[PDB]
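Here we start with a single chain on its own, the form deposited in one PDB entry, put down as C-alpha coordinates.
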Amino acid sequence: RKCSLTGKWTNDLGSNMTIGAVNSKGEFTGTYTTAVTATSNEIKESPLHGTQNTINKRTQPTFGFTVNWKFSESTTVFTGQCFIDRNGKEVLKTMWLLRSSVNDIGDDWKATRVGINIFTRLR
(Lines give C-alpha, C1' and ligand atoms only; values in the text may rest on other atoms or scores of the structure.)
Protein backbone atom coordinates (compact mmCIF):
# COMPACT_ATOMS: atom_id res chain seq x y z
CA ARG A 1 0.00 0.00 0.00
CA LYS A 2 0.98 3.65 -0.55
CA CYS A 3 1.47 6.17 2.30
CA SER A 4 -0.74 9.11 1.21
CA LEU A 5 -0.48 12.72 2.54
CA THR A 6 -4.20 13.51 2.06
CA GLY A 7 -6.29 13.57 5.24
CA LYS A 8 -6.06 14.77 8.80
CA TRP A 9 -2.94 14.44 10.93
CA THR A 10 -1.92 15.33 14.39
CA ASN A 11 1.61 15.53 15.80
CA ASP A 12 3.56 14.84 18.91
CA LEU A 13 2.92 18.40 20.24
CA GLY A 14 -0.88 18.39 19.75
CA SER A 15 -0.99 20.49 16.50
CA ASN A 16 -3.32 19.28 13.75
CA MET A 17 -3.15 19.56 9.99
CA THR A 18 -5.43 18.66 7.08
CA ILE A 19 -4.00 18.19 3.59
CA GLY A 20 -6.23 17.96 0.55
CA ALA A 21 -5.83 15.91 -2.62
CA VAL A 22 -2.39 15.75 -4.18
CA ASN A 23 -2.69 16.49 -7.93
CA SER A 24 -0.66 14.86 -10.81
CA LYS A 25 2.22 17.32 -10.33
CA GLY A 26 2.53 16.43 -6.64
CA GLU A 27 1.02 19.70 -5.37
CA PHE A 28 -1.26 19.94 -2.36
CA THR A 29 -2.63 22.63 -0.09
CA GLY A 30 -4.03 22.37 3.41
CA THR A 31 -4.45 23.98 6.80
CA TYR A 32 -2.25 23.81 9.89
CA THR A 33 -3.99 24.20 13.29
CA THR A 34 -2.16 25.07 16.42
CA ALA A 35 -3.13 26.11 20.01
CA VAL A 36 -1.81 29.44 21.28
CA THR A 37 -1.81 28.24 24.87
CA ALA A 38 -0.41 24.73 25.56
CA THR A 39 -3.39 22.61 26.83
CA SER A 40 -5.94 25.45 26.16
CA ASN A 41 -8.84 26.66 24.01
CA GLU A 42 -7.39 29.37 21.68
CA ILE A 43 -6.93 27.80 18.21
CA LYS A 44 -5.49 29.49 15.07
CA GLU A 45 -5.52 28.12 11.60
CA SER A 46 -2.97 28.93 8.84
CA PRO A 47 -2.73 27.72 5.20
CA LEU A 48 0.08 25.50 3.98
CA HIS A 49 1.20 24.76 0.40
CA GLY A 50 3.70 22.24 -0.89
CA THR A 51 4.60 19.21 -2.98
CA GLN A 52 5.13 15.51 -2.79
CA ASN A 53 7.93 14.18 -4.96
CA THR A 54 6.51 11.88 -7.57
CA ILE A 55 9.74 10.53 -9.12
CA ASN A 56 9.52 6.66 -9.40
CA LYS A 57 6.02 6.98 -7.77
CA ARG A 58 7.40 5.65 -4.50
CA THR A 59 4.90 4.16 -2.03
CA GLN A 60 6.76 6.23 0.68
CA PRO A 61 7.37 9.63 -0.99
CA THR A 62 9.32 12.58 0.35
CA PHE A 63 7.55 15.92 0.50
CA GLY A 64 7.79 19.46 1.79
CA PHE A 65 5.45 22.32 2.61
CA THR A 66 5.48 25.88 3.83
CA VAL A 67 3.14 27.13 6.51
CA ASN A 68 2.33 30.77 6.01
CA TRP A 69 1.51 31.79 9.61
CA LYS A 70 -1.40 34.20 9.76
CA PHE A 71 -0.78 35.33 13.34
CA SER A 72 2.81 36.37 13.04
CA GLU A 73 5.49 37.50 10.63
CA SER A 74 7.27 34.09 10.69
CA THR A 75 7.27 31.23 8.17
CA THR A 76 7.89 27.50 8.81
CA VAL A 77 8.89 24.87 6.22
CA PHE A 78 8.62 21.15 6.88
CA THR A 79 10.15 18.36 4.86
CA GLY A 80 9.99 14.63 5.46
CA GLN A 81 8.89 11.27 4.14
CA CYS A 82 5.48 9.50 4.32
CA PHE A 83 6.28 6.03 5.74
CA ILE A 84 4.48 2.89 6.34
CA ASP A 85 5.84 2.31 9.82
CA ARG A 86 6.99 -1.09 11.13
CA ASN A 87 3.59 -1.44 12.88
CA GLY A 88 1.88 -0.91 9.49
CA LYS A 89 0.58 2.62 10.38
CA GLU A 90 1.18 5.69 8.13
CA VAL A 91 3.51 8.19 9.74
CA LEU A 92 5.00 11.45 8.49
CA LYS A 93 8.51 11.87 9.91
CA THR A 94 9.41 15.57 9.39
CA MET A 95 11.92 18.18 10.32
CA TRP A 96 11.24 21.89 10.11
CA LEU A 97 12.93 25.33 10.01
CA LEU A 98 11.09 28.23 11.67
CA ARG A 99 12.25 31.62 10.30
CA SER A 100 11.56 34.68 12.38
CA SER A 101 11.50 38.16 10.95
CA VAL A 102 14.52 40.32 12.02
CA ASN A 103 14.86 44.05 11.28
CA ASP A 104 18.50 44.27 10.55
CA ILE A 105 20.52 41.96 8.30
CA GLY A 106 23.08 41.88 11.18
CA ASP A 107 20.60 39.75 13.23
CA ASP A 108 19.95 37.27 10.44
CA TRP A 109 22.26 34.69 12.15
CA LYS A 110 19.79 34.10 14.97
CA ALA A 111 16.53 34.00 12.97
CA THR A 112 16.26 30.21 12.27
CA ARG A 113 15.11 27.47 14.68
CA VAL A 114 15.12 23.78 13.79
CA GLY A 115 13.17 20.81 15.14
CA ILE A 116 11.21 17.69 14.23
CA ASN A 117 7.60 16.67 14.20
CA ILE A 118 6.09 13.22 13.79
CA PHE A 119 2.50 13.08 12.51
CA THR A 120 0.04 10.23 12.70
CA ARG A 121 -3.58 10.04 11.38
CA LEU A 122 -6.50 11.47 13.35
CA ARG A 123 -9.25 9.04 12.33
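Basically, rigid core = biggest C-alpha set you can superpose within 1.5 Å across the two forms. Sequential numbering from 1, following the sequence displayed.
Heads up, the form deposited in another entry isn't pictured, but that's what we're talking about next.
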| item | value |
| --- | --- |
| Position with Cα shift of 2 Å or more, rigid core superposed between this form and the one not shown, options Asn56, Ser72, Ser40, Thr59 | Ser40 |
| Closer or farther in that other deposited form: C-alpha pair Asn16, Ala38 (3 angstroms or more) | farther |
| Comparison of CA distance in that other deposited form with shown form for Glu90, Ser40, at least 3 Å | farther |
